Asks: 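Let me give you the structure first, and then I'll get to my questions.
Atom set for the values below is all heavy atoms of this structure, side chains included, hydrogens, waters and symmetry mates excluded. The chains referred to below are lettered A, B, ... by the order of the sequence lines, with proteins before strands, and numbering in each begins at 1.
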Amino acid sequence: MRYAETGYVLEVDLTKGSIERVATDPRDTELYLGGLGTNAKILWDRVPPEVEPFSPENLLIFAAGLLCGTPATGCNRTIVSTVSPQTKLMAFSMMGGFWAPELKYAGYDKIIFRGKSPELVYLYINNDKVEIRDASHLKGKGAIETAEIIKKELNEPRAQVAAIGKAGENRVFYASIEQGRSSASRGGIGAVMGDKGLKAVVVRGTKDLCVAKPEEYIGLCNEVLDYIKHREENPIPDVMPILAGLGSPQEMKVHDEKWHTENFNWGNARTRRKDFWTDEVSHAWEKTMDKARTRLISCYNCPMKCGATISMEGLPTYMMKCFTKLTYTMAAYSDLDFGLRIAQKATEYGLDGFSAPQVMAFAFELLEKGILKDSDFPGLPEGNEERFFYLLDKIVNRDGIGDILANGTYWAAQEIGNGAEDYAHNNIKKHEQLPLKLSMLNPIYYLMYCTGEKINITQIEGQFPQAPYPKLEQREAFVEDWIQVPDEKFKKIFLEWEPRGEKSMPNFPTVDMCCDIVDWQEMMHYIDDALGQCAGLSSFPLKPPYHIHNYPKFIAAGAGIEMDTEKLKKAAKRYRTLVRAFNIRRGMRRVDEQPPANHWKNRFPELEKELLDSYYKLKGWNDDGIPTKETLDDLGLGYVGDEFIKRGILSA
Amino acid sequence: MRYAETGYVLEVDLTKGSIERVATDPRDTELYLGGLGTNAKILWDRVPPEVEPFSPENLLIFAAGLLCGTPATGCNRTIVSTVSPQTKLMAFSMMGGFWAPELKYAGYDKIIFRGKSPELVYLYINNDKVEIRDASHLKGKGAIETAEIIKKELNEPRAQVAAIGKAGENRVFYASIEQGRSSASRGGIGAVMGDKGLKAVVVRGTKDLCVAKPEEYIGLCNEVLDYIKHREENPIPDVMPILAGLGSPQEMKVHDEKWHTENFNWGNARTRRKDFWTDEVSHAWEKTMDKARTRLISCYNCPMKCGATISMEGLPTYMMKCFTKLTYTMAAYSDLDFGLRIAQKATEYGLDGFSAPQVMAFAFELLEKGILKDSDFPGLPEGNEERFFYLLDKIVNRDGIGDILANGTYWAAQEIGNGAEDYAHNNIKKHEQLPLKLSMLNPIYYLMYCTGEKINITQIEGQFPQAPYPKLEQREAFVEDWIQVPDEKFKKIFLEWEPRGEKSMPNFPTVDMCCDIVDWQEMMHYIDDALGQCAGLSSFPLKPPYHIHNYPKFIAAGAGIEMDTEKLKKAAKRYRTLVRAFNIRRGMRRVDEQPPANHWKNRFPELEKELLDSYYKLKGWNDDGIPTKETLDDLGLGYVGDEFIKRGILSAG
Ligand SMILES: CC(C)(COP(=O)(O)OP(=O)(O)OC[C@H]1O[C@@H](n2cnc3c(N)ncnc32)[C@H](O)[C@@H]1OP(=O)(O)O)[C@@H](O)C(=O)NCCC(=O)NCCSC(=O)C1=CCCC=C1
Ligand SMILES: CC(C)(COP(=O)(O)OP(=O)(O)OC[C@H]1O[C@@H](n2cnc3c(N)ncnc32)[C@H](O)[C@@H]1OP(=O)(O)O)[C@@H](O)C(=O)NCCC(=O)NCCSC(=O)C1=CCCC=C1
Ligand SMILES: Nc1nc2c(c(=O)[nH]1)N[C@H]1C(S)=C(S)[C@@H](COP(=O)(O)O)O[C@H]1N2
Ligand SMILES: Nc1nc2c(c(=O)[nH]1)N[C@H]1C(S)=C(S)[C@@H](COP(=O)(O)O)O[C@H]1N2
Ligand SMILES: Nc1nc2c(c(=O)[nH]1)N[C@H]1C(S)=C(S)[C@@H](COP(=O)(O)O)O[C@H]1N2
Ligand SMILES: Nc1nc2c(c(=O)[nH]1)N[C@H]1C(S)=C(S)[C@@H](COP(=O)(O)O)O[C@H]1N2
Ligand code: SF4
Ligand code: SF4
Ligand SMILES: [Mg+2]
Ligand SMILES: [Mg+2]
Ligand SMILES: [W+6]
Ligand SMILES: [W+6]
């Protein structure tokens with residue numbers, strides 16, 4: 001008897017229209033846990049480097065986390081995985097809401113899509129009943145719009161739908177997948193879905209989902225709820241609002257956006273506006289938000305209600321959370337009202353709200369520098385906001401210039417030329433970063449930009465504070481009840497750490513301290529992404545209810561496998577290394593692991609080399625960023641080491 | 001977590017040399033239990049009827065039964081499965097000894113071979129280590145001899161080896177697979193294995209094998225050991241020694257062979273010798289066997305020591321059990337000394353001891369009657385004994401007439417022509433039956449010859465007595481402690497049944513009594529062949545320690561899944577019916593289900609129709625032997641019914 005997981009996946013061949021339920025190997029659960037980890041095993045095993053993103057043999061995997069469908073608060077994440085058309089590397093992407101738990105109640109842990117459907121279709125799951133339906137009547141329709149039409153069609157009001165918009169259908173490289181108040185946003189996972197002729201995945205489930213140790217498990221869940229209450233009455237002192245509590249960045253609740261608007265860059269990650277947040281702006285954006293925000297709403301089985309239904313006059317309602325509230329606004333040098341309006345269109349089209357704003361601001365920089373012509377934007381309006389709505393439509397239809405921009409700043413620049421590459425200045429591994437151009441090198445963030453397989457800073461940070469406290473007693477207070485640390489050395493680091501002087505960055509924390517910090521922050525994310533646990537109650541906020549000390553108890557009581565703190569750390573390291581190996585096999589080397597040239601105004605080449613060198617060694621990789629044969633063997637990834645040798649990636 | 005079964009199989013593609021471990025689906029254990037049952041599910045959805053026996057897409061499966069590797073006494077059977085090159089139907093074949101347990105301790109429930117290796121290879125398993133080795137130095141070597149060379153070669157003296165001899169390498173249609181004192185003998189599984197270029201499968205295993213409810217399970221084991229003790233202090237009264245106790249027919253222990261020699265047909269199932277067993281012959285054969293039998297030896301975890309190492313002067317030692325002690329002897333009209341000598345060669349070649357002798361005896365009949373002439377046997381020696389050794393070599397090398405004879409009597413007859421057919425008079429579905437030509441219709445045995453999917457009367461019979469007692473007092477004594485019957489109906493039947501008179505065959509037992517009796521006897525074999533339990537302690541002998549009432553307890557406490565008598569009965573029904581449907585998909589029909597014209601001297605067309613008409617209904621089949629859509633939906637085999645409807649085998653409505 002399997003627990004927590006269902007022990008079954010669906011294999012779907014969209015070319016042949018075949019559908020097969022397949023029992024999983026319980027050993028893969030012990031080694032790789034579930035979610036992202038087991039996705040990485042499937043991709044390693046079945047997608048060799050000769051496979052292109054828009055090749056039939058590319059896989060699109062929808063995974064429900066190990067503990068999704070259990071009573072674990074906030075444990076509801078879907079992990080979508082494939083090879084990215086933008087980065088040509090592995091792309092995994094997380095989605096909240098209600099879809100993953102529904103897949104579990106239907107009896108499945110994953111759906112694995114291979115092939116391509118000639119006709120636009122959608123997959124319909126209802127417990128044991130699985131079938132492929134014609135979706136041509138859904139062509140071009142928005143992601144939310146599509147879900148609503150389908151639930152009508154099928155008479156399944158309680159079904160969960162993950163869908164693409166027109167942007168997905170047209171294989172826009174940063175096209176997302178949307179489900180109610182949730183989104184698998186980055187990496188172009190939506191483009192692959194469109195490429196396979198897959199319009200939506202509709203699931204309804206009414207079966208039981210069992211846990212192994214019933215009372216132990218519910219006990220841990222209450223422990224978490226108690227901690228969520230306590231923690232809510234005790235926000236982290238002296239820290240800006242949107243990051244003092246639990247949850248995803250609480251930007252739908254908090255009106256104050258001084259930190260973001262004054263420290264992040266506007267336009268094409270170009271312009272700092274140090275004194276932007278006037279009283280006049282604060283009042284105007286609060287008015288817009290109060291009027292537009294219908295309700296704060298939660299994902300499945302969670303009280304934090306991070307997201308919000310948003311209603312702009314004369315526009316369909318949509319749902320939003322976190323930073324997409326500002327990225328369109330800031331990239332366009334506009335106001336919050338504009339942001340919320342265009343975000344509505346872009347959500348329905350199904351576009352990544354991080355990359356898309358920067359692509360458009362990239363385009364207008366080129367148009368202004370004359371590198372692009374005005375004849376490349378035919379019928380172009382000349383009001384600034386109108387031009388953003390205009391280009392959004394060119395991109396989503398791959399129309400003329402939109403066809404090039406639809407490929408992202410890296411490829412658009414390379415395809416354009418005339419020094420367009422100079423303006424694609426905010427990429428790592430061909431993927432747009434957050435619009436941050438700070439002054440002083442940050443040793444911890446340096447390592448995170450360089451090595452993160454999600455290639456997104458907000459999805460590798462969290463557990464260690466972003467800044468030190470000025471006063472010693474503030475730090476003593478903070479580390480006092482910091483139970484989430486793996487080792488008390490993390491307390492001592494934060495005690496010593498100071499904003500200014502001989503114990504400040506970039507020289508302190510030390511290189512070894514920075515390696516431990518990045519390793520821990522990263523580890524927690526990978527655990528979240530295998531369990532399906534929302535980072536909002538785990539790896540993202542300071543002092544979460546889930547941590548390295550009770551996670552082993554959740555896994556043991558939930559899935560009925562042996563698990564403790566050490567074994568879990570090792571598990572996390574195992575599929576973190578496997579994801580690494582997957583990208584190594586696709587061509588990634590040390591050379592690729594470098595932040596934008598202009599990401600800090602003060603650079604320290606020798607400190608940075610020493611940082612990356614020491615981090616690689618901590619990981620157990622060689623100086624080209626490849627996992628060694630020794631590390632692979634000890635992790636039980638011998639088959640990886642063997643293939644590395646056979647492929648010349650490692651020499652014996 | 002999985003119990004009793006390991007939960008994994010090895011997928012092996014011999015064309016490409018790919019080796020892959022795959023986890024199984026615990027729902028398949030629920031529906032089909034293990035062993036033969038799950039073999040059948042595998043064959044059903046991976047081997048469609050367009051596939052030939054020697055097609056690279058044919059599958060060759062080695063399965064350890066569900067309870068092999070546990071402490072259950074005598075639970076050690078490998079189940080081999082493939083499509084038969086001789087019958088073109090499913091072939092399953094059981095081999096005892098030590099191989100299945102070892103596979104379980106290595107960590108696997110089955111090995112599934114597909115494709116064909118261009119070069120001769122063997123597969124070597126040692127726990128998680130699995131590799132394909134070149135076997136070319138082994139070409140032509142005997143099965144046991146191959147085993148010994150491999151173990152020394154690998155430095156694996158405790159490994160278990162299943163191997164083919166020359167006969168298998170040459171695709172003899174009745175080639176066997178041999179393993180110590182054990183053999184997967186019938187249906188030609190050895191030819192498929194040679195055809196795939198696979199010379200042996202070596203397995204060493206040293207991992208734990210777990211049960212769900214430790215205490216309950218060992219409790220049940222102790223109960224069987226107890227029953228085995230008292231059952232051996234109480235042989236069934238007034239019955240032939242070889243079949244009065246537990247185990248496979250105890251022919252290596254019992255020297256009294258009066259029963260066989262006087263009631264079975266010598267030669268090509270031809271000659272009865274009503275008074276063969278003289279005092280002079282008994283002393284002669286007793287002397288032979290005393291000298292030749294080195295030791296009585298057992299399969300894994302069993303006290304019955306049914307088999308024997310046999311050592312003939314100047315020959316390599318081999319092992320033997322059951323009726324091959326006599327088949328060569330009788331086919332050649334010879335003595336036991338000859339039987340044991342030629343059976344040594346035949347065993348090393350890897351040949352089925354039932355078919356081979358009849359094939360040779362049939363050849364010499366045709367020679368006598370001039371259908372074959374001396375030109376067909378260049379260099380044929382003069383002596384009778386010497387001729388048999390000559391023809392054995394011809395057949396194994398598919399040399400000359402041997403090439404035709406290596407196909408079995410049914411195909412050889414058709415190819416030889418000129419009246420050869422009339423002499424291939426002991427086949428059912430192109431498969432040689434035991435040399436039995438009785439005088440009066442036995443209605444119970446009529447049913448078992450017709451429908452049995454193993455197509456061998458000795459692997460479907462057992463639980464009901466073959467004959468009645470002369471006195472009622474005897475009948476009453478027997479049924480008093482007969483706890484094994486599924487219902488009490490069976491005790492009453494045996495009480496009424498008498499040798500001569502009103503309550504005697506073929507009219508008693510009635511047509512309905514015969515069907516219940518044949519259902520039960522068959523079901524127990526299918527349970528044994530799923531669990532890997534030796535029939536010698538179960539479906540074969542009267543009053544066994546395993547039976548329908550405690551088997552569910554073993555499955556529950558061993559495998560950790562719900563089971564009770566009714567669910568087990570229905571499970572056995574489920575995969576027995578699946579095997580039926582597989583043979584239907586490959587074209588079998590009621591027409592194929594006749595015994596030989598001459599199997600009994602006194603026949604009854606009317607009763608025989610009614611017998612088979614009734615039995616079909618009880619199984620839930622058509623009047624053409626096909627499982628109806630309703631009975632298929634009931635057994636959770638809707639998907640079978642569907643395919644049958646798609647292919648026009650069952651009409652919709
Ligand atoms: C962003 C941030 C405000 C930057 O802080 P700061 O402004 O202090 O940093 P700064 O620009 O480097 O330097 C300022 C001045 O100090 C000076 N100086 C430096 N070192 C000095 C020394 N040792 N001694 C003396 N002076 C030293 C410098 O030279 C400079 O002076 P200048 O006028 O002469 O040029 C802070 O939160 C941080 O550190 N973030 C971490 C990294 C990050 O990107 N985090 C956010 C990730 S996204 C996220 O989390 C999200 C959340 C929600 C939704 C979406 C995303
Ligand atoms: C063969 C057997 C030993 C005795 O048989 P019998 O000779 O007694 O029966 P018979 O030959 O039919 O008839 C004799 C005479 O009586 C007459 N007559 C008959 N009924 C009559 C009546 N009611 N009333 C009046 N008269 C009746 C007949 O007409 C005839 O008279 P006739 O002078 O005119 O010709 C008994 O076990 C049996 O029949 N088994 C059947 C199943 C079978 O095949 N078993 C073995 C399966 S393999 C196995 O188990 C192995 C084990 C170990 C290793 C390998 C394999
Ligand atoms: N396991 C996991 N949970 C996560 C994240 C993640 O990367 N991994 N991202 C967080 C952030 S920063 C946001 S804005 C939301 C995004 O929710 P969505 O995927 O439904 O749009 O998920 C949060 N939960
Ligand atoms: N369409 C869409 N894109 C989006 C978002 C969203 O909510 N909707 N969230 C943004 C935020 S805040 C984050 S943290 C990332 C989430 O990354 P992921 O969905 O690939 O896991 O997407 C960004 N892009
Ligand atoms: N499960 C099962 N056990 C069985 C049998 C069988 O058909 N199924 N055949 C019995 C008979 S009649 C004999 S002679 C021996 C033969 O053992 P072997 O296959 O190792 O040569 O197995 C006995 N045990
Ligand atoms: N080579 C060989 N053939 C043999 C035997 C044997 O032990 N060795 N056993 C005979 C007996 S007594 C039986 S019951 C069957 C067993 O059939 P199976 O091994 O195909 O299951 O084969 C017969 N042919
Ligand atoms: S913390 Fe917020 S984003 Fe995470 S599950 Fe709860 S409501 Fe959803
Ligand atoms: S009864 Fe005989 S053939 Fe069966 S397992 Fe025991 S020793 Fe082997
Ligand atoms: Mg997401
Ligand atoms: Mg056998
Ligand atoms: W976010
Ligand atoms: W036998």
Side-chain angles (χ1 to χ4, degrees), chain B residues 53 82-94 173-174 185-189 264-265 267-270 323 327 331 352-359 361-362 365 407-414 420-462 466 506 514-515 518 521-522 525-526 576 579-580 582-584 586-605 607-609 611-613 615-616 619 621 624-626:
Chain B
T82 194
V83 180
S84 168
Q86 184 191 39
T87 67
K88 313 294 186 205
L89 301 177
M90 181 178 190
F92 57 103
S93 179
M94 273 59 73
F173 280 6
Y174 39 100
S185 301
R186 304 262 269 157
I189 62 289
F264 287 54
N265 271 15
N268 181 32
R270 182 62 55 184
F323 194 43
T327 51
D352 163 33
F354 281 13
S355 289
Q358 267 173 47
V359 160
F362 156 83
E365 276 202 326
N407 299 337
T409 69
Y410 173 84
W411 296 111
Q414 256 173 235
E421 277 95 327
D422 300 343
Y423 290 86
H425 66 108
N426 199 43
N427 284 323
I428 300 182
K429 304 170 181 177
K430 313 178 179 73
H431 193 61
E432 292 75 24
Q433 302 298 107
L434 274 132
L436 280 156
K437 300 301 166 185
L438 304 172
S439 180
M440 174 77 68
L441 180 70
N442 185 321
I444 292 164
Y445 277 76
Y446 169 81
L447 281 175
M448 289 184 304
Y449 284 116
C450 288
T451 60
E453 308 295 342
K454 181 54 166 59
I455 320 164
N456 181 14
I457 200 65
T458 69
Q459 289 172 290
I460 185 168
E461 80 181 355
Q466 301 191 10
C514 291
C515 294
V518 163
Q521 285 182 150
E522 186 181 60
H525 278 278
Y526 275 80
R576 188 267 180 262
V579 174
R580 181 58 166 218
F582 184 94
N583 289 338
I584 296 295
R586 299 199 60 90
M588 203 179 69
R589 299 289 191 283
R590 181 192 185 113
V591 213
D592 300 312
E593 314 215 290
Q594 283 158 291
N598 63 338
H599 234 45
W600 308 270
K601 188 173 97 72
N602 308 306
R603 301 298 292 267
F604 305 90
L607 181 57
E608 295 172 23
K609 170 172 183 287
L611 278 165
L612 199 71
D613 268 331
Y615 189 72
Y616 278 176
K619 274 285 140 40
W621 303 349
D624 201 21
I626 315 157

Asks: Do you know which two heavy atoms are closest between B:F362 and B:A424, and how far apart they sit?
Replies: CE1-N, 3.7 Å
Asks: Tell me whether B:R586 contacts the main-chain N or O of B:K88 through its side chain, where contact means a donor paired with an acceptor under 3.5 Å.
Replies: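 Answer holds: yes.
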Asks: Would you please name every residue forming a side-chain hydrogen bond (donor to acceptor under 3.5 Å, both in side chains) with B:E522, sequence neighbours left out?
Replies: B:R576, B:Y615, B:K619
Asks: To the nearest 0.5 Å, how far apart are CE in B:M440 and CZ in B:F604?
Replies: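 B:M440 atom CE to B:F604 atom CZ measures 5.0 Å (nearest 0.5 Å).
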Asks: Taking all non-hydrogen atoms of both residues into account, name the closest pair between B:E365 and B:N268 and its distance.
Replies: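 For B:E365 versus B:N268, the nearest heavy atoms are OE1-ND2, 2.8 Å.
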Asks: Where do B:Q459 and B:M94 land on the side-chain contact (heavy atoms from CB on, under 4.5 Å) test, with the steps shown first?
Replies: CA-CA 10 Å; B:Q459 289 172 290; B:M94 273 59 73; 4.2 Å; yes
Asks: Residues in side-chain hydrogen bond (donor to acceptor under 3.5 Å, both in side chains) with B:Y616, at least two apart?
Replies: B:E593
Asks: Can a donor-acceptor pair be found, under 3.5 Å and without considering hydrogens, that links the side chain of B:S185 to the backbone of B:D352?
Replies: no
Asks: Can you confirm whether B:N427 sits close enough to B:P596 that some side-chain heavy atom of one is under 4.5 Å from a side-chain heavy atom of the other?
Replies: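 SC-SC contact between B:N427 and B:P596 ruled out.
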Asks: Can you check side-chain contact (heavy atoms from CB on, under 4.5 Å) on B:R270 and B:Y423, steps first, answer last?
Replies: CA-CA 10 Å; B:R270 182 62 55 184; B:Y423 290 86; 4.1 Å; yes
Asks: Is there a side-chain contact (heavy atoms from CB on, under 4.5 Å) between B:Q433 and B:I455 once you walk through the steps?
Replies: CA-CA 8 Å; B:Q433 302 298 107; B:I455 320 164; 3.5 Å; yes
Asks: Find the distance between CG (B:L89) and CZ (B:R580) and round it off to the nearest 0.5 Å.
Replies: 9.5 Å
Asks: Applying the side-chain hydrogen bond (donor to acceptor under 3.5 Å, both in side chains) criterion to B:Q358, which one of B:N265, B:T327, B:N426 satisfies it?
Replies: B:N426
Asks: Quick one: closest heavy-atom pair of B:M448 and B:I460, and the distance?
Replies: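 Closest pair (atom of B:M448, atom of B:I460, distance): CB-CG2, 3.9 Å.
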Asks: Has the side chain of B:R603 got a donor or acceptor atom that lies under 3.5 Å from a matching backbone atom of B:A597?
Replies: yes
Asks: CD/B:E453 to CZ/B:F92 distance, rounded to the nearest 0.5 angstrom?
Replies: 7.0 Å
Asks: Going through the distances and angles, do B:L612 and B:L447 end up as a side-chain contact (heavy atoms from CB on, under 4.5 Å)?
Replies: CA-CA 7 Å; B:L612 199 71; B:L447 281 175; 4.1 Å; yes
Asks: For B:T409, does its backbone N or O pair with a side-chain atom of B:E432 as donor and acceptor, under 3.5 Å?
Replies: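 Yes; at least one donor-acceptor contact below 3.5 Å.
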Asks: Can you see which heavy atom on B:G408 is nearest to which on B:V359, and at what distance?
Replies: CA-CG2, 4.0 Å
Asks: Taking all non-hydrogen atoms of both residues into account, name the closest pair between B:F173 and B:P85 and its distance.
Replies: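 Closest approach of B:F173 to B:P85: CE2-O, 3.6 Å.
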Asks: Under the 3.5 angstrom rule, does the side chain of B:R186 hit a backbone N or O of B:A91 as a donor-acceptor pair?
Replies: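 Side chain of B:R186 to backbone of B:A91, a donor-acceptor pair under 3.5 Å: no, none is there.
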Asks: Counting only N and O atoms by type, is there a donor-acceptor contact under 3.5 Å from the side chain of B:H599 to the main-chain atoms of B:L438?
Replies: no
Asks: With the threshold set at 4.0 Å, does a side-chain nitrogen-carboxylate oxygen contact exist between B:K429 and B:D592?
Replies: no
Asks: Just how far is it from atom OG1 of B:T451 to atom CG of B:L611, taken to the nearest 0.5 Å?
Replies: 11.0 Å
Asks: Drop me the distance from B:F354's CZ to B:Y174's OH, to the nearest 0.5 angstrom.
Replies: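 B:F354 CZ to B:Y174 OH: 15.0 Å, rounded to 0.5 Å.
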Asks: If I take atom OH from residue B:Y410 and atom NE2 from residue B:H425, how far apart are they, to the nearest 0.5 angstrom?
Replies: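 It is 16.0 Å, given to the nearest 0.5 Å.
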Asks: Is a side-chain donor or acceptor of B:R589 paired with a backbone partner of B:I584 at a separation under 3.5 angstrom?
Replies: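 Checking the backbone N and O of B:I584 against the side chain of B:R589, a donor-acceptor pair under 3.5 Å is found.
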Asks: Which heavy-atom pair separates B:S84 from B:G187 by the least distance, and what is that distance?
Replies: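 That closest heavy-atom pairing would be OG-O, 2.7 Å.
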Asks: Would you check, one step at a time, whether the test side chain to side chain donor-acceptor pair (under 3.5 Å) holds for B:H431 with B:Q86?
Replies: CA-CA 7 Å; B:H431 193 61; B:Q86 184 191 39; 2.8 Å; yes
Asks: So B:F323 and B:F264, ring pair (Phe, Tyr, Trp, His ring centres under 6.0 Å) or not? Walk me through it.
Replies: CA-CA 11 Å; B:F323 194 43; B:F264 287 54; 5.4 Å; yes
